[PDB]
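> Model the structure of this input:
(chains A and B, ligands or ions: 13)
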Amino acid sequence: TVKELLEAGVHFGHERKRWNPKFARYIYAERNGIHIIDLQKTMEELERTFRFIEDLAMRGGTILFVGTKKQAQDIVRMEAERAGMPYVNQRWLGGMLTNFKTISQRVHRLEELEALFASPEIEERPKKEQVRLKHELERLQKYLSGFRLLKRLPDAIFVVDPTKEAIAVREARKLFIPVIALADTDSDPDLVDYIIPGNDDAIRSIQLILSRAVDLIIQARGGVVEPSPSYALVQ
RNA sequence: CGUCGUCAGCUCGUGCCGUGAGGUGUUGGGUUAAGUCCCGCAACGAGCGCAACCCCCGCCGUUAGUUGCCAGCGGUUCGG
Ligand SMILES: [K+]
Ligand SMILES: [K+]
Ligand SMILES: [Mg+2]
Ligand SMILES: [Mg+2]
Ligand SMILES: [Mg+2]
Ligand SMILES: [Mg+2]
Ligand SMILES: [Mg+2]
Ligand SMILES: [Mg+2]
Ligand SMILES: [Mg+2]
Ligand SMILES: [Mg+2]
Ligand SMILES: [Mg+2]
Ligand SMILES: [Mg+2]
Ligand SMILES: [Mg+2]
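Numbers count the residues shown, from 1 in each chain, chains lettered A, B, ... in the order given. Ligands and ions are numbered 1, 2, ... in the order given. Let me share the structure:
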């Protein structure tokens, strides 16, 4: 909530090419063939976006964090492992929202296999199944790590790169789900309901935005939490 | 019942794409006897198949000696 001047490394966008003309309104200028985000409109949209986030959080809503860009995976896996908003980390499976019932059946199988490895039934039906179900539970935890927390459809989704996660965005549009996204110059802002015009490649931009967002979430429900332990992920 | 053919296939449910017939999944890369498995993927699963569970042949044990052996000894018309 104090990120006015601390926006160090967020204004850097993509190159001159690989952009989207619809993003031109959120661009300040072009320095050395690189689009730089308008610093004013950034906070201008941040006001409305964070206000919507606070309203949805203090009402008890659930937000789905989607990140697959390989530069926000380790960040999303813990910023959502904070206040219980679920997340999708390894890859976004087609139909997670429109076919939510089948993926929930997969989650049922996940917790079923978790119950089997908690019961003494591990030794019966010998080692063949003890390896098959082991690998099955492994990949289920690999893909449904954060998704298992969704009992129903989410009330909003959070995206790190709406161009890389365009399928999740489209599915959210189909179900009238609000779309919060950290957009860059390579994305279409019309599809995003609450835009955050920042950088999606840098680690500090993602860490800053997501850390402050989860801090706002926990602040809306009281009990301000300590600073997130995602700084050590700078590496 | 024969046949393609023990050939590796044929489909469904939901989602997604297309005005629609349909497509996706079932394509792809690695692998296998195999749609076998792995990785990737707008797909996620499932059914009939594949394989497995059945039988026979291979090694060993337990249980049991009207089949077997001077393995072990005695008798022997010396033929367990
Ligand atoms: K067309
Ligand atoms: K193949
Ligand atoms: Mg065969
Ligand atoms: Mg279909
Ligand atoms: Mg056509
Ligand atoms: Mg249609
Ligand atoms: Mg079909
Ligand atoms: Mg087909
Ligand atoms: Mg095909
Ligand atoms: Mg199969
Ligand atoms: Mg596939
Ligand atoms: Mg007899
Ligand atoms: Mg006998």
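> Contact residues of chain A facing RNA strand B?
Within reach of RNA strand B by Cβ under 7 Å from any atom of the strand, chain A has these residues: A:91-95, A:98-99, A:101-103, A:105-106, A:135, A:139, A:167, A:170-171, A:174. Bear in mind the C-beta positions are built from the backbone N, C-alpha and C, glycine included.
> Got a quick PyMOL command for the buried subset of these?
Only the buried members of the residues of chain A next to RNA strand B end up in this PyMOL selection, burial being decided by 16 or more other Cβ atoms under 10 Å:
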select buried, chain A and resi 92+93+103+167+171
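> give the contact list for the residue nearest to residue A:25 when sequence neighbours are not counted.
Ranked by Cβ to Cβ, 6 or more residues apart in numbering and with sequence neighbours excluded, the top spatial neighbour of residue A:25 is residue A:41, at 7.2 Å. With contacts defined as Cβ atoms under 8 Å, 6 or more residues apart in numbering, residue A:41 is in contact with A:25-26, A:197.
> tell me the SS of residue A:41?
Secondary structure of residue A:41, reduced to three states by DSSP: H, G, I helix; E, B strand; the rest coil: helix.
> Identify the residues contacting residue A:23.
Neighbour list for residue A:23: A:35, A:183-189, A:197 [criterion: Cβ under 8 Å, 6+ apart].
> Between which two of the residues you listed is the distance greatest?
A:35 and A:188 (14.9 Å; Cβ to Cβ).
> between those two, who's got more neighbours?
Each of residue A:35 and residue A:188 had its neighbours counted (other Cβ atoms under 10 Å), and the higher figure belongs to residue A:35 (24 against 15).
> Test my guess that the more buried one contacts residue A:13.
Yes. Here residue A:35 reaches residue A:13: they are 3.9 Å apart, a contact under Cβ atoms under 8 Å.
> Could you tell me which residues touch both of these two?
A:19, A:27, A:185.
> want to try JSON lines for the residues you listed, with secondary structure as columns?
Rendered in JSON lines, the data for the shared contacts of residue A:35 and residue A:13 read as follows (three-state DSSP):
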{"residue": "A:19", "secondary structure": "coil"}
{"residue": "A:27", "secondary structure": "strand"}
{"residue": "A:185", "secondary structure": "coil"}
